[PDB]
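Given as structure tokens, the chain that follows is alone and in the form deposited in one PDB entry.
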């Protein structure tokens, strides 16, 4: 038989998936993030991408129903900027923050079981010692 693999493929396809998110195309979930006194924010995304990067989103979205179109999800207890950075991680494989954001991002990463990000924020805080 003949077999071929493009190693860069998953990188490239996520690059296009991030473009479709920024263009709000093919999105099926709107995350409405309200945290304490911060202004409410909204993030549109694709459930299957969120599901691929967070076990908590996967279970949140996999239910027996064929949901029709655009589901709104109310998100509590995480700041808008943290959610934004986590969504960006799901779509880009990278995350960036100032040395004083690192703690709230781990909080959010623990809450959405983003294993990779938890391990990294823990390494950083320990190195600050």
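Residue numbers count along the first chain shown, from 1. Think of the rigid core as the biggest set of C-alphas that the two forms share within 1.5 Å after superposition. Residues that one form lacks are left out of the comparison.
Although it is not shown, the form deposited with a small molecule bound is what the next lines describe.
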Exercise. Residues in which of 42-50, 24-32, 60-68, 97-105 have heavy atoms within 4.5 Å of the small molecule in the deposited bound form?
Worked result: 97-105
Exercise. Heavy atoms within 4.5 Å of the small molecule in the deposited bound form: does residue 82 have any?
Worked result: yes
Exercise. On a core-based superposition, does residue 72 travel 2 Å or more at its Cα between this form and the one not shown?
Worked result: no
Exercise. Considering only residues present in both forms, which runs of at least 3 consecutive residues have all C-alphas displaced by 2 Å or more between this form and the one not shown after core superposition?
Worked result: 63-68
